[PDB]
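A.B. asks: Below is the structure I would like to discuss, written out as structure tokens.
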Amino acid sequence: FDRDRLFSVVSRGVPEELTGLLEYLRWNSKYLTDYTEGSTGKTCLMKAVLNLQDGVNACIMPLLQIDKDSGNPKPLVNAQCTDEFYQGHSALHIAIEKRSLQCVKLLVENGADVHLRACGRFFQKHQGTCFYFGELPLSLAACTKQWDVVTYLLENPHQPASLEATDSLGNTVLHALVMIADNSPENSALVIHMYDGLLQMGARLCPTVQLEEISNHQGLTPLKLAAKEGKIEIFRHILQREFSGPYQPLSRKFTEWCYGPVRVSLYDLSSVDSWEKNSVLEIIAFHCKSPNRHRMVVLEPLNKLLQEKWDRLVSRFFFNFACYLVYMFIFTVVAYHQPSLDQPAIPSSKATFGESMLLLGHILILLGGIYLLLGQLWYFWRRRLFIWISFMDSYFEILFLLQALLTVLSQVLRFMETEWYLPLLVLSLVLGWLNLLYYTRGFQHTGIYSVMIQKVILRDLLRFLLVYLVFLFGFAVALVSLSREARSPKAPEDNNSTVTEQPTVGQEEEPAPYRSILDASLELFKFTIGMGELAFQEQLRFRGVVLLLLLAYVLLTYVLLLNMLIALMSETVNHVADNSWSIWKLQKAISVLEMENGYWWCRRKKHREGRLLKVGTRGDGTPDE
């Protein structure tokens, strides 16, 4: 025909102009595309299915039969849209999207396929307007609760829907329902109960297929994916799953030796038996926190398991802290009792218990330092943290990398045998004694306390630093200009006195050389945390402007801004406090789970969980013994 003829006749939906269609494109025996859209592929059944018009698509038949004399009839009904946006898109998809019933019934009776991928640019996520749909009419049919067309798209006179099927990214109905599900409890409840009916007739019309056993292209089960995008509700459903029908082991919360007062909820710990893939904390942690990573530990197998594994095995962490604590004591006693001679690598201060004991402490201290380097290299090749271009997370990892770097440079320049090995040693000292608070992860009120200081310290570290270093650097330079004579480190000379003058060792120079106030400027920076006071010079109190000026900076900064960040980190205290429990159970589970995951080369124990419950409520019956 012509284009506006077909567009008009689907604008009306009047079959009286469809009356001449069969003969008018049967004498010519005309095909379908030679006519339909070159951009999309929208057929008459498509351009009439798009508009709903009371759900009654009447043109299921005439281009199917024009496409039967020209022979494209299931090709009439299953012309996937070749638009980029609407891609892979059939009319059964629209028939679901219009939420009607004639469209599904005489679209399927027009021969519509069921297993067909709709890999649409409209139909996948960006974080923008286009989001993932299901990409296959069963998948989005379940994702839209439409049990009439899930049921229908199974029960078709041509095709039962493949339950085990996958989709465009590998994202099956598991990944479609889960991935479309967010923390909206209407969305959550529909994507749980609708999914459960898909497992019910999903376990009745097509049983004998384990759908959750399927992993995606990334190798993630729906437990791994639902436990990967941070949906504690769905994973909670997965381990909450309990099918009261033939027969039993679909469930995950079993109740054997159970009782009215005394419930015993048996679990499975497939979360911890998932060794052929990643563990469950691994895949909550990767990808971490799509809304929330810390939330998912509090659920009963993960929390109770993370408790009992510590209290049964990993409360032996005090051996690790014991060896490390004795290590750091060795570091600080070799550093303390070092000889005051200028020449390093002395043969012996005295052939006695002292200097020989110091040689033992030296060989022990680098002999454990090489183990710290081995541990971080296992962390790096094996763990591949830190993140690519991201922030300093995690803090003590790169603090450990900087301590290890500075102490192997200490070993290098000590092997060069110059005196400067020692300030590096004091830096290694303050980063290890600093790193003692990583060993506070263990026990109860101090582990809760340790996660508290881990939280507020991990947040407010750089936040107070950008106040501190910048305000104090500005006003610091203001005090270096005022006042000190012999003000020539700069400009046309070496201004910086070749700052970081040590080649390939670091910031070892006289950097930022002052106006003959270098010692007075490290000394005023040492005054800047409130020590020394009140000198004047050849300004001689014409700098009363500088007096009131320091009253202005000390005014707005020293008191008037000092109360700000304490107060809003107390707002963090107003928010993070319950979240610090999630961070507590998590960091306990990282000390534990990472501890057994690293332990060179470890043992474990894998047997079915069971959780005692002493609660009181009625309810009798049995699972038929």
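Along the chain as shown, residues are numbered 1 onward.
Looking at the header, which is where the method is noted, we find electron microscopy, 4.0 Å.
Yeah, the Cβs are placed from backbone N, Cα and C, and that goes for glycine too.
What Swiss-Prot shows for this protein is this:
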CARBOHYD  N495  N-linked glycosylation site
CARBOHYD  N496  N-linked glycosylation site
MOD_RES   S8  phosphoserine
REGION    488-511  region 'Disordered'
REPEAT    218-244  repeat 'ANK 6'
TOPO_DOM  379-384  topological domain 'Cytoplasmic'
TOPO_DOM  441-461  topological domain 'Cytoplasmic'
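Could you give the neighbours, burial and distances for every feature on this list?
C.D. replies: Remark: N495 (N-linked glycosylation site) has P489, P513 as non-local neighbours, by Cβ distance under 8 Å and separation of at least 6 in sequence.
The number of other CB atoms found within 10 A of the CB of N496 (N-linked glycosylation site), across every protein chain shown, is 15. Annotation note: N496 (N-linked glycosylation site) sits in a coil segment as assigned by DSSP.
Look at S8 (phosphoserine): DSSP puts it in a helix. Counted within 10 Å of its Cβ, the other Cβ atoms near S8 (phosphoserine) come to 13, all protein chains included.
A Cβ distance under 8 Å defines the sequence-distant neighbours of the region 'Disordered' (488-511), meaning residues of its chain 6+ beyond its ends; these are 406, 409, 412-413, 420, 518.
With a threshold of 8 Å between CB atoms, the same-chain residues lying at least 6 positions outside the topological domain 'Cytoplasmic' (379-384) that come near it are 397.
Same-chain residues lying 6 or more positions outside the topological domain 'Cytoplasmic' (441-461) and placing a CB less than 8 Å from one of its CB atoms are 315, 317-318, 321, 395, 565, 569, 572-573, 576, 579-581, 583-584, 587-588, 591.
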A.B. asks: I'm trying to understand the geometry here, so how far is the Cα atom of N496 (N-linked glycosylation site) from the Cα atom of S8 (phosphoserine), in Å to the nearest whole number?
C.D. replies: 80
